[PDB]
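Let us start with two forms of the same protein chain, each given on its own as structure tokens and named structure 1 and structure 2.
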Structure 1
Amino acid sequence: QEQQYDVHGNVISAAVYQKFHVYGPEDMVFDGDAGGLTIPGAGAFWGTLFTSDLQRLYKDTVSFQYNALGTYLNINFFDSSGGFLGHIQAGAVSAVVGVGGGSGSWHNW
């Protein structure tokens, strides 16, 4: 069974880059950058982090992919080999559609 944790965060998007910020358990925060094409905008989201190994998620995440599906947001986390480390399911205040991803990592705050 994967462990479940409350998370919350924000996405801010320019036209060609975006930043994702997620507050997780154990006083850790995820910052990720994605580039490509988006509609400029921003919003908050709240949800659940699912992972079978939180320590490994925080140590080994170097990448994220996301799927924005209206007021649903899915964020998947990966290590440098493309291995899946866990994911977030969240509700987003601001409806957005798109898929993308990029570099990111977890750190203390």
Structure 2
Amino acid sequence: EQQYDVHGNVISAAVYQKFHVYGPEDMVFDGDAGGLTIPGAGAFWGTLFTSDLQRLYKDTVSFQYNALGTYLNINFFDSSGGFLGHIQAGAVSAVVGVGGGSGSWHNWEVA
């Protein structure tokens, strides 16, 4: 796995969360999750680990997050459940629990 610095944010409505991540090569993750968590908003910093960045960006369709431990973990998956990489980030207090949903990466040409 190669490592990359990333940062992001989350807005929770308790059952729904919107995630953004700003990744290397000027790419942006937009993700829409369900999950059992506290409402609120926060920012995070962390590390993206992936053995194939371009594949992560092309093939990600879904994500899952877990805040039950010491960090915020975000895993990214393809349409066949293949694991494409993950982020280890500092904890955000609006994200307890686990959850997940759809998302994808895009460049600056897409809002």
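The term rigid core refers to the most C-alpha atoms you can superpose between the two forms while keeping them within 1.5 Å. Numbering runs along the sequence of structure 1, starting at 1.
Compared between structures 1 and 2 on the core, the listed residues 80, 71, 52, 55 keep their C-alpha shifts below 2 Å, save 71. Annotation: Cα of residue 96 displaced by at least 2 Å between structures 1 and 2, core superposition.
In this overlay on the rigid core, residue 37 has a C-alpha that sits 2 Å or more away from its partner position between structures 1 and 2.
Structural comparison between structures 1 and 2 after rigid-core fitting shows the C-alpha of residue 17 displaced 1.1 Å. The rigid core superposition between structures 1 and 2 gives a CA shift for residue 7 of 0.2 Å.
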